[PDB]
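Just the one chain here, the form deposited in one PDB entry, laid out as structure tokens.
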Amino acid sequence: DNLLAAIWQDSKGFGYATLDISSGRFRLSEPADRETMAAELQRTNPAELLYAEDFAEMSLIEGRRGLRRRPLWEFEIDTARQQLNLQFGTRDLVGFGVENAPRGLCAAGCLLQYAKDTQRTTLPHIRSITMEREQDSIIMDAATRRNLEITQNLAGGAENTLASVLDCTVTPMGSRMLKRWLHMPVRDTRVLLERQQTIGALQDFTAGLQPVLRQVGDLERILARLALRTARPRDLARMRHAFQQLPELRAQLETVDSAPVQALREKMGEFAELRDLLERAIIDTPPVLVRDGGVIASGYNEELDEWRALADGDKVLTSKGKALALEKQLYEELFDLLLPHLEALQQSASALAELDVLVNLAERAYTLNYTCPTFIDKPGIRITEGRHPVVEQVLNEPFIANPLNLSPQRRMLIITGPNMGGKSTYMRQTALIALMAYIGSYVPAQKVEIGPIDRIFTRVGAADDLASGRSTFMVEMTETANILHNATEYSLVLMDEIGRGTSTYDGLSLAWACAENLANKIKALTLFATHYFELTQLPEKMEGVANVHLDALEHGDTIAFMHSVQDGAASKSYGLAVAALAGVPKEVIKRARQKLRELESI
């Protein structure tokens, strides 16, 4: 095991660290539950452990191999961050991906000092610090989500995003569930296979189910208000309308014969007794607030009916007061009867929302020509006639579908092409198709075979935060470092250009070394967009690397782009022709061509 470990506790949560003497592997965790920390302690099974002198719960580490105690001064975050930065030779640890874990870094600082004391031999072999996560959801960094425009576009607007194309859900609860599914894509095949079977099964009956689902409305807010006992009289009537709607939905789903569809039908429930209580107890159109009165319906309580009669044909005003008090007590009693079934109702609201998201996904699939994706065991992506989900909808002109094949035999493709050729659209189409397959939706391609994807990494933007202290090359190099350090054989790494900030020679050199490292050692599935044609000579030298070229045809001054992926290198990017289309003055384009001839000639 050869594993040295550290543990920390504070108000925010628990922090943990691991260091392997044999492999120089340094990792940190921030498990926020006592039980999770206990499971993590067993799963790590560390040879030695270090804990705070004032650790609150020693029971988690009560019996451990070579358990030891070190002082609080060693655990301080500011001292720990400086030592870690110096050991790795980095200004900040944002590149390693561990900068935002305060508790994890504090435990790591104690382990680094202890590790140096126990052996100075391992110290030169410690070069990185990474978080530990085998989370079911595919891991996506904040930058990848904004770059892929999963829910919010780069400007910050709701439109032109993947969620805008797929979010036509009838009910507000459904729209929230789809957005949550897009942000966390489940990697377990069994849950996705159940969702895909429901989407195909309910495809025929989407028109019958959606009107009834729209009537149900948002039940999540009504049920949460019921839990705090602040539900309005009108909100209880809304719940009664959904109870009346549930028999209709169940009858429609009964004809369908899919095990996932039938399970969702049972979870929805009928709640006939709750419907009977609400119908008898509440008037057809109840008032906005319970204070005025008239919420309770006659026949729910005999005494109330009698007091109401006395109130309406000064002593009579006292009888009116008695009636209002009896009514309010009956209303509080109504919450008491409904609340025992609150856990059951919460399961039903989730079941109704899942039906809305899946019925919506099925309608979107028929309208937009999507097809089911078939999962495979080894890490590879194959797409035939693939299209970008967002671009196809917003583009008046036709979309030209491009094929993709990635396997452990052909892991890296260097896409080279003319400017405005479609290289970035092709790389993003792979990322959105992989995420759409992994949420259980139907992919926008004729056929897709998607293998396990641990994490999706997107390096596209080049921006500088001067106040933060990082230039455009440092911001780009920080993202490249996170790709190289945190990448796995399963990861899909999409890199849109590298060395766009430095001189041509330094940039080509980093691009050549980063491309070699991703194919040779990381062995991740990589798509690399490049305007350096020197890198198109990499595929012959290194195995697993192939060249993909987008096609353009030049006639006179103007250029036409095919948008078609073919094998080859391109070797010419028509930058000056794209500049003239952008509107650069003719005299500037003419001078530029004259200089271009001189540079190539010598």
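Each residue number is its position in the shown sequence, starting from 1.
The form deposited in another entry exists for this protein as well; it is not shown, and the discussion that follows is about that form.
Among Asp284, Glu397, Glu134, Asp257, the residue lying at the hinge where one rigid part turns against the other between the shown form and the other one is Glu134.
A change of 3 Å or more separates the two forms for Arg455 and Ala32: their C-alpha atoms lie closer together in the other form. Note on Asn85 and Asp454: their C-alpha atoms are more widely spaced in the other form, a change of at least 3 Å from this conformation.
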